[PDB]
Structures are given as structure tokens and as C-alpha cells.
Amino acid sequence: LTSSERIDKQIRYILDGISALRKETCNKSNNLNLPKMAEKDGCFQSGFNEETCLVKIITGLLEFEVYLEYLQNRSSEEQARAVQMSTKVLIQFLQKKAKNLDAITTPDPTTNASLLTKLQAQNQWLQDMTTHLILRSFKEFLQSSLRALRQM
């Protein structure tokens, strides 16, 4: 059941989840093609486009999924799984809101499974940097989606 409020609550909840994960990761440490908003997407004030922005939100969130799957193997297994599962609900909500149309693109499964093994073959240091970069980038994307959705 979709509501702007439920979508807003879902983003805000995942953001607090990312924060709590970043905290329980930065106490052991103390390129990637991650989704990122650009002006052309229509999510910022300058060149704001409702239709293209909603497509970029759903696309970016579907692309982030391989990276959230990576986080699951990387002791608070319930917390990292909760981030992944809470994201899937966010995608469903936005797919339901966009019910007017879909022309995305959805990512290739075998390309993701290969990227996943490549990320899992790195040493522990690189794996901790990968985690930091995934979490920061996902936070940046969710914060822009949050701002944009308010006007859509």
C-alpha cells in the first residue's frame, strides 16, 4: 500500500540503517561504478523533471541491490540483511507509484554475480573500503531521492 509518507518513512529508516551499519564498520578500520545523481536525471532543483527523476530513483535502487547483497557476507547479519530487505520494499513502493509506466533499465543478473565474486576476492582492507564507499554513495542517493520525491 503506497503513500508519499510511507515512501518518506522507508527512505528515512534505511538512512538510519546505513548510519548504524557505518558505525559498526568504522571501528575496525577507523574503481566502483556506484549509482549517482547527475543534473541530467532531473532530481535536483535545476532541471527538475518528475518523470526522468522517478525512473533514475528506481533504476539506481535496483542497481544498488548487488552491493547490498555484498554487504550481507561482510556478525550483525540481521542489520545488513534488514538494509537489503527494507530496500526491496522501497523499490516495490516506487514501482507502484510509477505504475503509469516502466522503462528503466533493470540490471543483468550474470553481470552482477561476476561483479559480486570480484568484490569478494579482494583482501580485507579493500573489502572495508568497498563497504565504506557503498554506504556513503547509497546515503547520498537516498538523500537526493528523499528531497526530489517531496516535489513529485
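One-based numbering along the sequence shown.
Review point. Is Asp102 left out in a third or more of the other entries?
Key: Comparison shows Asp102 dropped in at least a third of the other entries.
Practice item. Look at the other compared PDB entries that model both sides of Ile91, then say whether a third or more of them leave it out. Key: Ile91: modelled in all of the comparison entries.
**Study point:** Interresidue gap class [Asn30, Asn31; deposited sequence, unmodelled]
**Key:** The entry has a long gap there, with 10 or more residues left out between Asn30 and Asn31.
Point to revise | Entry-level comparison of average CA B-factors, 107-115 and 55-63, reporting the higher stretch | key: Per the PDB record, 107-115.
Exercise for review: Compare the mean C-alpha B-factor of 90-98 with that of 122-130 as given in the PDB entry, and name the stretch with the higher value.
Suggested key: According to the entry, 90-98 carries the higher average C-alpha B-factor.
Exercise for review: Go through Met85, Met37, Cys26, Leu68 one by one and give the residue whose Cα B-factor in the PDB entry is largest.
Suggested key: When the deposited C-alpha B-factors of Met85, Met37, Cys26, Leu68 are compared, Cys26 is largest.
Exercise for review: Divide the modelled residues of the chain into thirds by Cα B-factor and specify which third, lowest, middle or highest, holds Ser145.
Suggested key: Its C-alpha B-factor belongs to the lowest third of this chain's values.
Practice item. Taking the values exactly as deposited, rank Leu1 by C-alpha B-factor within its chain and report the matching third: lowest, middle or highest. Key: As the PDB entry reports it, the C-alpha B-factor of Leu1 lands in the highest third of its chain.
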